[PDB]
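K.L.:
just coords:
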Ligand SMILES: CC[C@H](C)[C@H](N)C(=O)O
Ligand SMILES: CC[C@H](C)[C@H](N)C(=O)O
Ligand SMILES: [Fe+2]
Ligand SMILES: [Fe+2]
């Protein structure tokens, strides 16, 4: 494979520059990196690689990767290649991948438009092979810039893999039989479709509401708040799938099943020893739905109530009433009221100032090794 | 086995009361539990089970498990049986185990005396089989009480298993050759003895210094501070192994290697996606030692410097100077100075108010799957 020989060159340069992360913005390093890229027999020929060489050589006066991102954002081809510095994707340094796009419902694409690119990774350098790396954001490039129209990638194949390895097992063990009938025995192409719908709705709704991100990003980074924000947009996504009549009914219900099953199960068990931000918000959802009649527990198995759509609407309405007070109070006051809401429905240790997995999911973690 | 039949009866009773934790102190529930225990053909005739039945039947007027704890503390036999509620050991409800005691050095038990019981679990009910449950504390019983002379159990067999599963392959991959010569190929009984020394020195030092626990426990539960407290007592134990000449020199050096390798390696990688309390403090140690001449990184491998004992002393002295100010400043002010120290040497995200694995150990987690 030619792409395979390109990636081998990237992987080899990546190996040499590991341990040089502190000089990734030093111009002496960058000139040598650029020269090594340009002199690479297969990689140096690539248009995206010429864009990076030009960007890197100019960095001392323009610390931006403008040529690379122009190439990527215009989809001049299906290759991504750059120098990355993402604190939460530590595996990424000099990296290369090729992707394939997914079929898109046209109403979805127009009414809920965002710069989202749900894609499958076809081939990639080693950093992109880490299971941690599920997406790629514009500020992950060394320049750290994000503009509102930069493309954001989500790697759907990694979400299909997680759903196969964790969510299916959890559906069988934790849900009442018949709970997610469209997802039962679905093939990868079908989960791929739902997951792509999920990410499209997800990104769109992050930018909606009274405290959208990135505008209010620095108020939504505390663990319970970062998770609550993910949950806000995913419940918004569930409700769109339930209520927007211009979406094909069978595809919309499948996407609904996917978002609900991921949030009620896979995300609810993330993090060892303590829940991560997603798990805290999923356990908030779990306890809120149990207490307000959206789900029932019968012998430790979850029943989805017929009334669940109304209880989801009530839950999103409640988040929105808290966020709406941004117009009459401070962001810091809204934060405390989001924390108070969260802590009513989660296992918050006030001395540690952190969270424990609620007993229902602690036992599932023990029983299934998730 | 008769004990096999006793444990089978406990596991079945545990199964019936799962999902009744909200009732574990309701006398109607306790009366019924007590009757089922007393009627168990094998379990009900055990002396410790006689004791539990008696404590549970009296719980409405005396919410204590005094008879059970008298049996256990007096070591009337090597069986433990009770009703537990420990939020960090969620698998424990009604549980039974038998243990065996370990050889003990006389000087160690006299000079560094504490109610520590380093033991091996021989047989146990299901709750005690979780890898989370590494110890048993007196306040873990449903009465929530701990007294200074109550026995505290550490399950050394689980620390041997963790050493062989994680620490050993980390030593091979991350330490310069010859770093831990006494541990190389050491058998399980040898690691057992080193671990039992670790726990004895550990519990002893928790009770020494200017902010001992449990007196100052509620000030040391924030993630970085709970880790730093575990690290304070383990550095103290390392130094005792190096410095106290009345300890047998072979066993002392072996314990030193065990404590250092555990804190430099196994504890340094704990927690996904973020470091737990132990890992934050271990990363503090790693960066402190790197910056102050106690270890060096050559080829991505850790070299223990000959000067390391002096740098460990400097590190413990530093902690002790921060804690000593409890005599002239508030406990809250000491907390802020312990945090400030920690954050100088770890990857602290001030907007999330949490920690990320430093890149050195993030790469090891990816490489070795730990
Ligand atoms: C695919 C979702 C990713 C990880 C992130 N939650 C986002 O909003 O892009
Ligand atoms: C075995 C040690 C346990 C986990 C705890 N750190 C203690 O000091 O009791
Ligand atoms: Fe998101
Ligand atoms: Fe401890």
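P.N.:
Now that the structure is in, tell me what you want to look at. Residues are numbered from 1 along each chain as shown, chains lettered A, B, ... in the order given. Ligands and ions are numbered 1, 2, ... in the order given.
K.L.:
domain ranges for chain A?
P.N.:
What automatic domain parsing lists as the domains of chain A is A:2-150, A:157-368.
K.L.:
Figure out which of those is closest to ligand 2.
P.N.:
Ligand 2 lies closest to domain A:157-368 among the domains of chain A, at 12.0 Å (C-beta to the nearest ligand atom). No exception for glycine: its C-beta is placed from N, CA and C like everyone else's.
K.L.:
any idea how far that closest one is from the chain center?
P.N.:
Its chain's C-alpha centre and that of domain A:157-368 lie 13 Å apart, by C-alpha atoms, centre = their mean, to the nearest Å.
K.L.:
Any residue of that domain touching ligand 1?
P.N.:
Yes: using C-beta under 6 Å from any ligand atom, domain A:157-368 reaches ligand 1 at A:199, A:202, A:203, A:206, A:230.
K.L.:
That domain and chain B, any residue contact?
P.N.:
Yes: judged by C-beta under 8 Å from any C-beta of the partner chain, domain A:157-368 comes into contact with chain B at A:218, A:221-223, A:226, A:270-274, A:276, A:299-300, A:347, A:349, A:351-354, A:356-357, A:359, A:362-363, A:366.
K.L.:
Out of those residues, which sit inside strands?
P.N.:
Of the residues of domain A:157-368 next to chain B, the ones assigned to strands by DSSP state E are A:347, A:349, A:354, A:356.
K.L.:
now the domains of chain A as TSV including mean neighbour count and distance to ligand 2?
P.N.:
Formatted as TSV, the domains of chain A follow (neighbours: other C-beta atoms under 10 Å in any protein chain shown; distance: least, C-beta to the nearest ligand atom, whole Å):
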stretch	mean neighbour count	distance to ligand 2
domain A:2-150	17	28
domain A:157-368	18	12
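K.L.:
what's the spacing between the residue of the stretch 151-300 of chain A found nearest ligand 1 and residue B:191?
P.N.:
At 4.0 Å from ligand 1, residue A:154 is the closest residue in the stretch 151-300 of chain A, using C-beta to the nearest ligand atom. Look at residue A:154 and residue B:191: by C-beta to C-beta, to the nearest Å, they are 45 Å apart.
K.L.:
for residue A:361, same thing?
P.N.:
Distance check for residue A:361 against residue B:191: by C-beta to C-beta, it reads 33 Å.
K.L.:
Which strands or helices does the helix or strand residue A:203 falls within pack on?
P.N.:
Taking DSSP states H and E as the criterion, residue A:203 maps to helix A:188-206. Contacts defined by 3 or more C-beta pairs under 8 Å, 6 or more residues apart in numbering or on different chains; DSSP states H and E place helix A:188-206 against helix A:106-111, strand A:116-124, strand A:152-155, helix A:156-162, helix A:223-243, helix A:249-261.
K.L.:
what's the closest of these to residue B:335?
P.N.:
Closest approach to residue B:335 among the helices and strands packed on helix A:188-206 (C-beta to C-beta): helix A:223-243, 19.8 Å.
K.L.:
Measure how the closest one sits relative to helix A:188-206, angle-wise.
P.N.:
110 degrees (axes from the mean of the first three to the mean of the last three C-alpha atoms, to 10 degrees).
K.L.:
got the end-to-end distance for stretch A:147-155?
P.N.:
Using C-alpha to C-alpha, to the nearest Å, one end of stretch A:147-155 lies 20 Å from the other.
K.L.:
Same check on stretch A:170-179?
P.N.:
Across stretch A:170-179, the terminal residues are separated by 12 Å (C-alpha to C-alpha).
K.L.:
now do stretch A:205-217
P.N.:
One end of stretch A:205-217 sits 14 Å from the other (C-alpha to C-alpha).
K.L.:
Same question for stretch A:126-144.
P.N.:
End-to-end distance of stretch A:126-144 (C-alpha to C-alpha): 22 Å.
K.L.:
any idea how far the closest residue to residue A:27 other than its chain neighbours lies from residue A:143?
P.N.:
Distance criterion C-beta to C-beta, 6 or more residues apart in numbering or on different chains; nearest residue to residue A:27, sequence neighbours excluded, is residue A:60 at 4.3 Å. Here the distance between residue A:60 and residue A:143 works out to 13 Å (C-beta to C-beta).
K.L.:
Equivalent analysis for residue A:186, please.
P.N.:
Distance, residue A:186 to residue A:143, by C-beta to C-beta: 40 Å.
K.L.:
Show me the beta-bridge partners of the residue lying closest to residue A:128 once chain neighbours are set aside.
P.N.:
The shortest distance from residue A:128 to any non-neighbouring residue, by C-beta to C-beta, 6+ apart, is to residue A:97 (5.1 Å). Beta-bridge partners recorded for residue A:97 (DSSP bridges): residue A:80, residue A:124.
K.L.:
Quick check: residue A:97 touching residue A:125?
P.N.:
Yes: the criterion here is C-beta atoms under 8 Å, and residue A:97 meets it with residue A:125 at 6.9 Å.
K.L.:
my guess is residue A:307 contacts residue A:293, does it?
P.N.:
Yes: using C-beta under 8 Å, residue A:307 is in contact with residue A:293, at 5.8 Å.
K.L.:
List the contacts of residue A:334.
P.N.:
A:211, A:219, A:322, A:323, A:325, A:326 (C-beta atoms under 8 Å, 6 or more residues apart in numbering or on different chains).
K.L.:
do residue A:104 as well
P.N.:
By C-beta under 8 Å, 6+ apart, the contact list for residue A:104 reads A:196, A:200.
K.L.:
Is it in a helix, a strand, or coil?
P.N.:
coil (DSSP: H, G, I helix; E, B strand; the rest coil).
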